[PDB]
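One chain comes next, on its own, written as structure tokens: the form deposited in one PDB entry.
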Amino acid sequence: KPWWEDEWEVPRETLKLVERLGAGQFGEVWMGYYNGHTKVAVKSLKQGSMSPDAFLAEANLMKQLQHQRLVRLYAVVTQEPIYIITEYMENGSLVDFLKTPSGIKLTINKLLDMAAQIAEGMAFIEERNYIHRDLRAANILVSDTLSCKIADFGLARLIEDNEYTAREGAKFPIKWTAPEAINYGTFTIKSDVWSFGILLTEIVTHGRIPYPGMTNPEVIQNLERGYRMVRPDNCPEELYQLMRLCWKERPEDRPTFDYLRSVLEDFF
């Protein structure tokens, strides 16, 4: 099928990829320019590491799950080497942006609005009957207008295994993962709600790492004891209490992203 019949497919020629943001054991991620006028992020598949159709499976969801609060698919190149292209965000990821001087200037009101947007897109993902699995500030992109786009960069499969590790379990961010996911490998949307609560502490603490003063092993040990993160300084007790709802022990007792979105929106 001709590429101009499609809304996504573009001739590889339209792409001048310039910098290698991050390569792994399934392909690289470059920054480059589409027809010279737009800068874009380009995910490429390396041959052999996986099915061409398995790579495209992602691109395909992105077509189907378009939404203002999701990172929007920009273009795709199907032939090998395969590219998935989105647009580049000069503000970067939420966790990065928060630590910038302009990020640190953000008001609690603006922070809460971004949280609301993140909840909003998660609510859409829930509504479309998917989950995220790695919902945290590192997979959130900040737009030019300072709104938040939910991304999934495949952060986990992006790290190369070393001589010292041989886990054949699951891969997940210890400090963001609900205990039922840690213990029983059961990841659900309610599992993402947990992550969202931890994400909230990142938002309200300039992108600070969760569970300050605890190693990932320590974190898991304390989770077994029912331990919950301490309310970040200056973080409003009400917001914290909202976090505590995201960290209910039983996943079904945790709010929905709709409720989260709602509470967040009319918070002030």
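Definition used throughout: the rigid core is the maximal C-alpha set that superposes within 1.5 Å between two forms. The first residue of the shown sequence is 1; numbering continues from there.
Inset, instruction - On mean C-alpha B-factor from the PDB entry, just flag whether 242 to 250 or 5 to 13 is the higher one. - result: Comparing averages over the C-alpha atoms only gives 5 to 13.
Legend entry - Stretch with the higher entry mean CA B-factor, where the candidates are 32 to 40 and 233 to 241: The recorded data point to 32 to 40.
Legend entry - Selection from 113, 161, 180, 120 [criterion: highest C-alpha temperature factor in the record]: The record points to 161.
Inset, instruction - By the entry's C-alpha temperature factors, tell me which of 197, 81, 92, 154 sits highest. - result: Top of the list by C-alpha B-factor: 81.
Legend entry - Chain-relative CA temperature factor third for residue 53: According to the entry, residue 53 has a C-alpha B-factor in the chain's highest third.
Inset, instruction - Give the position of residue 172 by CA B-factor within its chain, expressed as the lowest, middle or highest third. - result: For residue 172, the deposited C-alpha B-factor lands in the highest third.
Inset, instruction - Compare the C-alpha B factor of residue 139 with those of the other modelled residues in its chain, then answer lowest, middle or highest third. - result: Bottom third by C-alpha B-factor.
Inset, instruction - State the tercile, meaning the lowest, middle or highest third, of residue 204 with respect to the CA B-factors recorded for its chain. - result: For residue 204, whose C-alpha B-factor we compare with every modelled residue in the chain, the answer is the lowest third.
Inset, instruction - Name the third of the chain's ranked CA B-factors that contains residue 166, choosing lowest, middle or highest. - result: Answer is highest: the recorded C-alpha B-factor places it there.
Below: the form deposited in another entry, not depicted.
Inset, instruction - For residue 207, state whether the C-alpha moves by 2 Å or more between this form and the one not shown after rigid core superposition. - result: No, the C-alpha position differs by under 2 Å between this form and the one not shown.
Inset, instruction - Superpose on the rigid core, then tell me if the C-alpha of residue 124 is displaced by 2 angstroms or more between this form and the one not shown. - result: Stays below the 2 Å threshold, so no.
Legend entry - Rigid core superposed: residue 145 CA moves 2 Å or more between this form and the one not shown: For residue 145, whose C-alpha is compared between this form and the one not shown after core superposition, the shift is less than 2 Å.
Inset, instruction - Tell me whether residue 156 and residue 132 end up closer or farther apart in the other form, going by their C-alpha atoms; the shift is 3 Å or more. - result: Result: closer.
Inset, instruction - Work out the direction of the Cα-Cα change for residue 202 and residue 161 in the other form: closer or farther than in this form? It's 3 angstroms or more. - result: It is farther: the C-alpha separation of residue 202 and residue 161 rises by at least 3 Å in the other form.
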